[PDB]
Structure formats: C-alpha cells, structure tokens
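Right, one structure below, let's go through it.
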Amino acid sequence: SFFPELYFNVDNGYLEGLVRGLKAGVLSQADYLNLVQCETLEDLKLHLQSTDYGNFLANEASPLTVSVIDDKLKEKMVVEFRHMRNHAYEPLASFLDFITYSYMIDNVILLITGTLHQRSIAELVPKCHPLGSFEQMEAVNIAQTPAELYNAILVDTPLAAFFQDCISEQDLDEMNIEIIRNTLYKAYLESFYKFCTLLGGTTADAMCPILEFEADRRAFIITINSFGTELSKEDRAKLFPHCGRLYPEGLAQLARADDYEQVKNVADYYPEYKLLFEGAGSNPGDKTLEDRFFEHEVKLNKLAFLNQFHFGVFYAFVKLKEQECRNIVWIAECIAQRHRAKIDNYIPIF
Amino acid sequence: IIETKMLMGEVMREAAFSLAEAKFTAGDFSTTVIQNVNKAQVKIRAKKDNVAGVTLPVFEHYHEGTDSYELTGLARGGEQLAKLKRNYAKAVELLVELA
Amino acid sequence: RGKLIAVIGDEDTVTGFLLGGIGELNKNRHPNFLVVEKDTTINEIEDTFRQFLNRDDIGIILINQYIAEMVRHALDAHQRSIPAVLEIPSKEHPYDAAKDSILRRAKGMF
C-alpha cells in the first residue's frame with residue numbers, strides 16, 4: 001500500500017545505510033577458504049586481521065584457544081548491536097526489543113534453577129548471555145526465593161506479558177524447565193508475529209514468511225525428538241506456534257505422529273519442506289536436517305536484503321552474522337582437532 | 001594396558017569431535033547441563049576376583065538406570081546429544097574396564 | 001551402585017561426561033567433580049582430591065593429564081588399591097603418552 005516507501009526513510013535513513021554497509025562487510029566464501037588455508041590458530045588470527053575482523057587479540061595472551069575467538073566475536077556482536085540500538089526510534093526500538101526478548105527468555109531460564117537449587121545471583125550474572133541487561137533491581141538479590149524472582153519478573157522484567165501464561169510458581173517447580181522455555185518461546189513468536197502484522201508494509205512481507213518457516217521448523221523437530229522421550233502428545237502439540245501454514249492443517253498429523261517416516265509424510269504435503277527433507281538424507285557422514293534448515297533461513301535472510309523500506313534488514317544481519325560466527329567457530333574446531341577432513345561442514349553466508 | 005590406553009585416547013577424541021559438532025549445533029548447552037545435576041544414571045559395583053591365594057579388587061559397570069535429561073532448549077540438536085551420550089557411555093565403560 | 005565416579009577436568013570434559021552417565025550431588029549438596037579453569041590454582045585441586053580420597057563412595061577418579069601434573073606429588077605420595085586414578089587428555093592438550101605413575105611402578109615395560 002501507499003503507507004510504506006514514504007515515512008520509513010524520514011526516521012531510519014542513517015540506520016538503513018549503516019546496516020547495509022555492515023551487510024556489505026560480510027566475509028565471502030573466498031574469505032572462508034583463505035581462513036581454511038591456515039592450518040594453525042595463529043594463521044587464523046592473521047586471516048582475521050586481513051579483514052575488519054582480527055586486531056582484537058592484540059594486548060592479550062600469546063596462546064590462542066577457541067574460547068578467546070568466541071568471546072571476541074560475541075563482544076563485537078554485542079558492541080555493534082547496542083551501539084545501533086541506542087540510536088533508534090520507537091517503531092524500530094520495539095523491533096529490537098523483540099530481538100532482545102529472544103535471548104531474555106534464555107537468560108530468565110538460566111536465572112531460575114539457581115534458586116530452586118540455592119545459588120548466588122552474582123555468580124550467575126557473568127554466565128548470562130550478553131545483551132541480557134537485567135539492570136533492573138529487585139531481580140538482583142532476591143534472597144533466593146521463587147516468589148521474589150517471580151514478582152520481579154512480573155513487575156520489572158518486560159516479559160510480564162508472556163509470563164501472564166506461566167504463573168504462580170507451580171510451573172516453575174513441577175514442570176520441566178525446557179517446556180517452560182518452549183511455551184514462552186511460542187508465546188513470544190505469537191506476539192512478535194502479531195506486532196509485525198500490525199506494521200502492514202514491506203516489514204510484514206519480509207518477516208511473515210521467515211517466522212512462518214521458523215515455527216514450522218520448530219514443530220517438525222519437536223515431533224522428531226519427542227519419539228524417544230516421555231512426552232504426552234497433547235503436551236507436544238501445545239508447543240507448536242499457531243503462526244504457520246501447519247496450523248490450518250498438518251499440525252494434527254504431527255500431533256499423532258509416531259515415527260520419522262510419518263513426519264516425512266506430513267512434510268511431503270508441503271513441497272517447500274519436501275525438498276528440505278529429501279536433501280536431509282540423514283546419511284552417516286553427510287549434512288543433516290537442521291543444516292538444511294539453516295541454509296533455508298540464511299537464503300531467506302539474503303532474500304530480505306532486496307528491499308529498502310523494511311525493518312527486517314536488522315534482524316537479517318543479526319541472524320546472518322551470528323551464523324558467520326558459528327561458521328568461524330566450526331572451522332576453528334576443525335583446525336584444533338586436526339580433523340581437516342570435515343572442514344566442509346559449515347553453511348556459507350553467500 | 002598401553003593398547004587399551006590408545007583405545008581410550010581414540011574414543012575420547014571421537015567424543016570430543018562429536019562434542020564440537022554438538023557445540024556448533026547448539027552453542028551453550030554446557031551451562032544448562034552443569035547447573036542441573038540431580039541423580040546419577042551410572043554407578044559402580046565393587047567386586048572381588050580371587051584368582052590366587054590373595055583376593056584382587058575389580059569393578060563392574062553397573063547401570064543404575066536413572067533417566068537422562070531432555071535438553072530441548074539450545075536449538076534442539078537431539079541427534080547430536082544422543083550421539084554424544086552414546087559415545088561417552090562407551091568411553092565410560094572402557095575406562096571402568098581399564099580401572 | 002556402591003561407588004560414584006569423580007571427574008576433574010576442563011569445562012568440555014565435565015560437560016561431556018555428565019551427559020555420559022556419571023556425576024552426582026550427595027545429600028550434603030556437594031559436587032563429586034570440579035571444573036578447572038585457567039584461573040584455578042593448585043591448592044584447591046589438591047584439597048578436592050584429598051576430600052575425594054577420604055570420601056568412601058568415590059571409587060574411581062578420572063583427572064586430566066595437566067591437572068595430574070599440577071598435583072603429581074599427591075598422586076605419587078598416595079598409594080592405595082581403592083582410588084583408581086586415571087589420566088586422560090583434553091581436546092587442545094596433546095595426547096597423553098608417558099609420565100603415568102601406573103606405568104612407572106611397572107618399570108620393566110618399554
């Protein structure tokens with residue numbers, strides 16, 4: 001409609017320019033091959049120094065390990081993300097707030113289980129994944145009381161809206177932490193999809209398909225791993241986000257699925273996942289299904305960069321650059337263990 | 001014992017490589033694992049083998065059988081976790097034998 | 001059943017072996033293991049090793065190679081049948097192939 005392509009630039013031109021530049025700054029397949037032509041961690045640092053990466057291990061320990069490079073990549077991600085977020089305006093700021101909630105959920109999961117089993121808060125503070133903030137008081141120094149942290153979540157933590165469905169500390173103690181995070185994750189996807197659809201422009205077009213695929217992916221793998229573990233089928237179906245092509249039909253066959261081939265049959269009705277399952281041969285020594293999913297997500301991110309008037313570019317570079325970080329980590333692991341026969345087990349970022 | 005030591009090394013490196021693959025798939029499961037430790041699913045039975053006039057101490061891999069931990073949070077690479085559990089179980093059995 | 005295997009190794013060894021099938025908290029809420037880091041010093045490794053030695057329900061001790069080198073004197077000084085101490089290398093640390101006390105006490109080997 002006419003609403004987009006006019007107001008967007010007026011208040012996001014600089015941020016679009018910055019994110020497009022950082023997108024152009026990605027490392028191509030040639031850079032990955034150059035890094036692969038290292039055979040040592042020192043040469044890996046040098047290959048990083050040939051681009052905007054590197055130059056961070058200066059003034060540090062001479063020996064090099066995986067943890068050092070992982071911490072540096074994470075720190076760079078955090079610094080650039082916070083720097084961009086600070087210079088933003090509310091329509092974009094809510095978007096980045098959703099992007100931060102996606103990790104707030106992980107951090108709140110980490111914080112709990114350190115109170116049911118008495119553990120200090122401050123020792124968990126560094127363990128929290130960065131971008132966690134939690135600069136709000138009364139979540140700190142809860143006297144290790146589940147009621148205290150629950151009230152702090154409801155009051156100070158912005159996730160109170162999602163915690164309107166996980167309440168009373170009964171789910172906190174009885175029911176498994178993993179399912180708590182899964183339910184909160186589903187609710188967060190629902191809220192994020194609804195907020196995106198409220199912004200019915202290029203942003204909606206960009207983010208509706210990606211979230212659709214993400215939810216459908218999650219439901220598929222939920223059904224894949226649920227077979228070998230104790231789990232009621234209804235308790236499995238209640239973890240499927242409704243914002244997908246599966247919800248009108250297909251989620252039900254997954255709810256009553258029992259084996260891998262039935263899940264394959266459900267995915268067969270949808271060619272978009274038929275190709276991904278067929279490419280997922282599950283062979284001993286080849287790519288696996290989640291690698292196909294990562295490839296799908298990465299190419300959708302690349303597709304998102306073809307339009308200028310959407311907030312999706314920011315989410316896109318976040319996902320693509322953390323995928324780049326994971327690729328760097330995997331190449332480092334292959335180098336360290338001298339398993340150069342498995343160097344070709346990372347998804348490129350185009 | 002040296003050959004069992006080479007086998008221990010090989011199995012350990014295989015387990016480490018599978019761990020690296022799982023780390024690529026998942027990232028930060030280790031904190032979750034280390035924080036939540038409740039009951040042991042493999043214990044050791046003290047045993048005796050009187051092969052001569054004196055009695056020798058030996059042990060048995062007694063599978064006590066506590067349920068494992070569903071870790072469905074870190075992108076849910078369940079295949080990787082099951083493979084890691086299997087490999088480390090073999091490593092534990094071999095190490096108990098050598099002990 | 002009777003004994004509970006202990007582990008003393010860097011983060012990757014500990015997280016791998018906990019999923020492996022072992023690890024435990026007693027009724028006193030005390031780990032039967034220890035995660036070493038670059039900041040860890042010798043004295044607390046020694047203290048936990050001795051605490052495990054006095055703990056009747058350890059049985060078998062798995063420690064890393066370099067950790068064993070940190071407290072090599074504790075290993076050599078202590079000689080008993082029950083505490084079956086072992087030596088395993090970590091991912092980045094090279095293969096352990098020598099300086100094992102179990103081979104030392106049998107000098108007639110290669």
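Ordered as shown in the structure tokens, chains take letters A, B, and onward, while each chain numbers its residues from 1 and ligands are numbered from 1 in the order shown.
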message = Please identify all residues of chain C having at least one atom at most 7 Å from any atom of chain B, considering only C-alpha atoms, and return them as an MDAnalysis selection string.
response = chainID C and resid 1:4 15:17 19:25 84 91
List as a tab-separated table every residue of chain A that is in contact with chain B, defined as an atom at most 7 Å from one of its atoms (using only C-alpha atoms), together with the nearest atom pair and the distance in Å rounded to one decimal, sorted by chain and then rising number.
```
residue	atom	partner	partner_atom	distance
A:178	CA	B:73	CA	5.9
A:225	CA	B:78	CA	6.1
A:326	CA	B:24	CA	6.3
A:330	CA	B:24	CA	6.2
A:333	CA	B:20	CA	6.5
```
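In this structure, the chain A residues at most 9 Å away from chain C are residues 65, 336 and 337 of chain A, with only C-alpha atoms considered.
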Can those selected residues be exported to a file as a PDB file, in the first residue's frame so that it contains N, CA and C atoms?
```pdb
ATOM      1  N   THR A  65      43.113 -19.986  21.835  1.00  0.00           N
ATOM      2  CA  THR A  65      42.164 -21.075  22.010  1.00  0.00           C
ATOM      3  C   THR A  65      40.812 -20.660  21.444  1.00  0.00           C
ATOM      4  N   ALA A 336      41.635 -27.238  15.257  1.00  0.00           N
ATOM      5  CA  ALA A 336      42.251 -27.592  16.535  1.00  0.00           C
ATOM      6  C   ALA A 336      42.444 -29.097  16.675  1.00  0.00           C
ATOM      7  N   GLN A 337      41.436 -29.886  16.315  1.00  0.00           N
ATOM      8  CA  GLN A 337      41.500 -31.333  16.466  1.00  0.00           C
ATOM      9  C   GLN A 337      42.200 -32.021  15.301  1.00  0.00           C
TER      10      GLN A 337
END
```
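If only C-alpha atoms are the atoms counted, then among A:233, A:267, A:348, A:340 the closest residue to residue 36 of chain A is A:340.
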A:8, A:2, A:350, A:163 ranked by distance to residue 309 of chain A, top pick (using only C-alpha atoms) =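 Of A:8, A:2, A:350, A:163, the one nearest residue 309 of chain A, counting only C-alpha atoms, is A:8.
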inquiry  = With only C-alpha atoms as the counted atoms, please give the residues lying no more than 7 Å from segment 61-73 of chain C, apart from itself and same-chain residues fewer than 6 positions off, as JSON, numbers by chain.
reply    = {"C": [5, 6, 7, 8, 9, 42, 46, 83, 84, 85, 86, 87, 88, 89, 90, 96]}
Now that the selection is made, can you save its residues with N, CA and C atoms as a PDB file, in the first residue's frame?
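Okay, this is what ended up in again.pdb:
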```pdb
ATOM      1  N   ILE C   5      31.641 -42.176  40.473  1.00  0.00           N
ATOM      2  CA  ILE C   5      32.871 -41.781  39.802  1.00  0.00           C
ATOM      3  C   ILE C   5      33.015 -40.267  39.841  1.00  0.00           C
ATOM      4  N   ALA C   6      34.220 -39.804  40.158  1.00  0.00           N
ATOM      5  CA  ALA C   6      34.546 -38.389  40.195  1.00  0.00           C
ATOM      6  C   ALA C   6      35.236 -37.969  38.904  1.00  0.00           C
ATOM      7  N   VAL C   7      35.164 -36.673  38.606  1.00  0.00           N
ATOM      8  CA  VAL C   7      35.771 -36.099  37.412  1.00  0.00           C
ATOM      9  C   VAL C   7      36.398 -34.763  37.774  1.00  0.00           C
ATOM     10  N   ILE C   8      37.607 -34.522  37.276  1.00  0.00           N
ATOM     11  CA  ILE C   8      38.295 -33.255  37.475  1.00  0.00           C
ATOM     12  C   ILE C   8      38.920 -32.883  36.139  1.00  0.00           C
ATOM     13  N   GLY C   9      38.263 -31.999  35.397  1.00  0.00           N
ATOM     14  CA  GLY C   9      38.723 -31.654  34.067  1.00  0.00           C
ATOM     15  C   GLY C   9      38.153 -30.325  33.627  1.00  0.00           C
ATOM     16  N   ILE C  42      46.665 -24.553  42.444  1.00  0.00           N
ATOM     17  CA  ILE C  42      46.988 -25.938  42.772  1.00  0.00           C
ATOM     18  C   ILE C  42      46.296 -26.365  44.061  1.00  0.00           C
ATOM     19  N   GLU C  46      44.238 -29.849  44.990  1.00  0.00           N
ATOM     20  CA  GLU C  46      44.742 -30.780  45.993  1.00  0.00           C
ATOM     21  C   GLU C  46      43.696 -31.049  47.067  1.00  0.00           C
ATOM     22  N   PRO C  83      41.478 -46.034  45.322  1.00  0.00           N
ATOM     23  CA  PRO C  83      41.326 -44.855  44.457  1.00  0.00           C
ATOM     24  C   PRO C  83      41.955 -45.034  43.087  1.00  0.00           C
ATOM     25  N   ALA C  84      41.203 -45.613  42.154  1.00  0.00           N
ATOM     26  CA  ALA C  84      41.717 -45.902  40.823  1.00  0.00           C
ATOM     27  C   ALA C  84      41.848 -44.633  39.993  1.00  0.00           C
ATOM     28  N   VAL C  85      42.968 -43.936  40.121  1.00  0.00           N
ATOM     29  CA  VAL C  85      43.163 -42.683  39.398  1.00  0.00           C
ATOM     30  C   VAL C  85      43.566 -42.986  37.962  1.00  0.00           C
ATOM     31  N   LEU C  86      43.112 -42.144  37.035  1.00  0.00           N
ATOM     32  CA  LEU C  86      43.350 -42.318  35.609  1.00  0.00           C
ATOM     33  C   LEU C  86      43.942 -41.037  35.037  1.00  0.00           C
ATOM     34  N   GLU C  87      44.296 -41.088  33.752  1.00  0.00           N
ATOM     35  CA  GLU C  87      44.876 -39.953  33.044  1.00  0.00           C
ATOM     36  C   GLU C  87      44.250 -39.872  31.661  1.00  0.00           C
ATOM     37  N   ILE C  88      43.654 -38.725  31.343  1.00  0.00           N
ATOM     38  CA  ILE C  88      43.003 -38.516  30.051  1.00  0.00           C
ATOM     39  C   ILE C  88      43.399 -37.139  29.523  1.00  0.00           C
ATOM     40  N   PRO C  89      43.723 -36.983  28.240  1.00  0.00           N
ATOM     41  CA  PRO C  89      43.995 -35.641  27.716  1.00  0.00           C
ATOM     42  C   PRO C  89      42.720 -34.931  27.291  1.00  0.00           C
ATOM     43  N   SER C  90      42.806 -33.604  27.231  1.00  0.00           N
ATOM     44  CA  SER C  90      41.709 -32.779  26.750  1.00  0.00           C
ATOM     45  C   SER C  90      41.846 -32.577  25.241  1.00  0.00           C
ATOM     46  N   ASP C  96      48.154 -37.821  25.830  1.00  0.00           N
ATOM     47  CA  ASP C  96      48.961 -38.309  26.941  1.00  0.00           C
ATOM     48  C   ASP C  96      49.549 -39.663  26.566  1.00  0.00           C
TER      49      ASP C  96
END
```
ask   = Do you have the atom CA of residue 228 of chain A-atom CA of residue 259 of chain A distance handy?
value =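 A separation of 9.6 Å between them.
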key: DSSP-assigned alpha helix (DSSP H) members of segment 82-254 of chain A, reported as JSON, numbers by chain   = {"A": [82, 83, 84, 85, 86, 90, 91, 92, 93, 94, 95, 96, 97, 98, 99, 100, 101, 102, 103, 104, 105, 106, 107, 108, 109, 110, 111, 121, 122, 123, 124, 125, 126, 127, 146, 147, 148, 149, 150, 151, 152, 153, 154, 155, 170, 171, 172, 173, 177, 178, 179, 180, 181, 182, 183, 184, 185, 186, 187, 188, 189, 190, 191, 192, 193, 194, 195, 196, 197, 198, 202, 203, 204, 205, 206, 207, 208, 209, 210, 211, 212, 213, 214, 215, 216, 217, 218, 219, 220, 221, 222, 223, 224, 225, 226, 233, 234, 235, 236, 237, 251, 252, 253, 254]}
inquiry  = Taking only C-alpha atoms into account, name the residue in A:234, A:344, A:171, A:138 that is nearest to residue 156 of chain A.
reply    = A:138
When DSSP is applied to the backbone of this structure, which of chain B are assigned strand (DSSP E)? Write them out as a PDB file with N, CA, C and O atoms, in the first residue's frame.
```
ATOM      1  N   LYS B  43      26.393 -46.096  38.021  1.00  0.00           N
ATOM      2  CA  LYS B  43      27.187 -46.266  39.231  1.00  0.00           C
ATOM      3  C   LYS B  43      28.083 -47.491  39.110  1.00  0.00           C
ATOM      4  O   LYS B  43      28.038 -48.201  38.099  1.00  0.00           O
ATOM      5  N   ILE B  44      28.892 -47.752  40.135  1.00  0.00           N
ATOM      6  CA  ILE B  44      29.933 -48.772  40.089  1.00  0.00           C
ATOM      7  C   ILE B  44      29.701 -49.769  41.212  1.00  0.00           C
ATOM      8  O   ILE B  44      29.476 -49.378  42.362  1.00  0.00           O
ATOM      9  N   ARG B  45      29.773 -51.051  40.879  1.00  0.00           N
ATOM     10  CA  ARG B  45      29.623 -52.135  41.841  1.00  0.00           C
ATOM     11  C   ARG B  45      31.008 -52.658  42.199  1.00  0.00           C
ATOM     12  O   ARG B  45      31.761 -53.089  41.319  1.00  0.00           O
ATOM     13  N   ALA B  46      31.342 -52.609  43.484  1.00  0.00           N
ATOM     14  CA  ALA B  46      32.586 -53.202  43.954  1.00  0.00           C
ATOM     15  C   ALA B  46      32.495 -54.719  43.864  1.00  0.00           C
ATOM     16  O   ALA B  46      31.472 -55.314  44.219  1.00  0.00           O
ATOM     17  N   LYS B  47      33.572 -55.341  43.396  1.00  0.00           N
ATOM     18  CA  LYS B  47      33.606 -56.767  43.110  1.00  0.00           C
ATOM     19  C   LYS B  47      34.972 -57.315  43.492  1.00  0.00           C
ATOM     20  O   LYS B  47      35.944 -56.571  43.629  1.00  0.00           O
ATOM     21  N   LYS B  48      35.033 -58.633  43.659  1.00  0.00           N
ATOM     22  CA  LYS B  48      36.252 -59.330  44.040  1.00  0.00           C
ATOM     23  C   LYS B  48      36.457 -60.538  43.139  1.00  0.00           C
ATOM     24  O   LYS B  48      35.493 -61.206  42.751  1.00  0.00           O
ATOM     25  N   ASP B  49      37.717 -60.813  42.810  1.00  0.00           N
ATOM     26  CA  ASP B  49      38.091 -61.953  41.979  1.00  0.00           C
ATOM     27  C   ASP B  49      39.302 -62.625  42.609  1.00  0.00           C
ATOM     28  O   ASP B  49      40.424 -62.122  42.497  1.00  0.00           O
ATOM     29  N   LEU B  56      41.817 -60.076  44.621  1.00  0.00           N
ATOM     30  CA  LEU B  56      42.110 -58.878  43.850  1.00  0.00           C
ATOM     31  C   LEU B  56      40.883 -57.974  43.777  1.00  0.00           C
ATOM     32  O   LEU B  56      39.756 -58.474  43.677  1.00  0.00           O
ATOM     33  N   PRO B  57      41.027 -56.647  43.826  1.00  0.00           N
ATOM     34  CA  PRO B  57      39.862 -55.776  43.618  1.00  0.00           C
ATOM     35  C   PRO B  57      39.614 -55.436  42.156  1.00  0.00           C
ATOM     36  O   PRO B  57      40.504 -54.982  41.432  1.00  0.00           O
ATOM     37  N   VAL B  58      38.372 -55.665  41.721  1.00  0.00           N
ATOM     38  CA  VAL B  58      37.889 -55.274  40.401  1.00  0.00           C
ATOM     39  C   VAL B  58      36.482 -54.703  40.546  1.00  0.00           C
ATOM     40  O   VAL B  58      35.827 -54.861  41.577  1.00  0.00           O
ATOM     41  N   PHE B  59      35.994 -54.085  39.470  1.00  0.00           N
ATOM     42  CA  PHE B  59      34.769 -53.294  39.458  1.00  0.00           C
ATOM     43  C   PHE B  59      33.916 -53.714  38.270  1.00  0.00           C
ATOM     44  O   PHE B  59      34.390 -54.381  37.349  1.00  0.00           O
ATOM     45  N   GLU B  60      32.644 -53.314  38.305  1.00  0.00           N
ATOM     46  CA  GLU B  60      31.687 -53.618  37.249  1.00  0.00           C
ATOM     47  C   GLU B  60      30.917 -52.361  36.871  1.00  0.00           C
ATOM     48  O   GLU B  60      30.572 -51.553  37.741  1.00  0.00           O
ATOM     49  N   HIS B  61      30.645 -52.205  35.577  1.00  0.00           N
ATOM     50  CA  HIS B  61      29.840 -51.092  35.075  1.00  0.00           C
ATOM     51  C   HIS B  61      28.374 -51.408  35.359  1.00  0.00           C
ATOM     52  O   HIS B  61      27.663 -52.016  34.556  1.00  0.00           O
ATOM     53  N   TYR B  62      27.921 -50.986  36.535  1.00  0.00           N
ATOM     54  CA  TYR B  62      26.562 -51.268  36.983  1.00  0.00           C
ATOM     55  C   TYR B  62      25.647 -50.130  36.555  1.00  0.00           C
ATOM     56  O   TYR B  62      25.670 -49.048  37.150  1.00  0.00           O
TER      57      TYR B  62
END
```
key: Close residues, segment 41-45 of chain A itself excluded, 12 Å, only C-alpha atoms, min 2 positions apart in chain, as a PyMOL selection string   = (chain A and resi 31-39+47-58+61-69+72+328-329+331-338) or (chain C and resi 92)
message = I'd like the neighbourhood of segment 249-257 of chain A as number ranges by chain, where a residue qualifies if any of its atoms comes within 10 Å (using only C-alpha atoms), though same-chain residues fewer than 4 positions away should be ignored.
response = A: 216, 219-220, 222-224, 226-227, 232-238, 240-242, 244-245, 261-267, 269-270
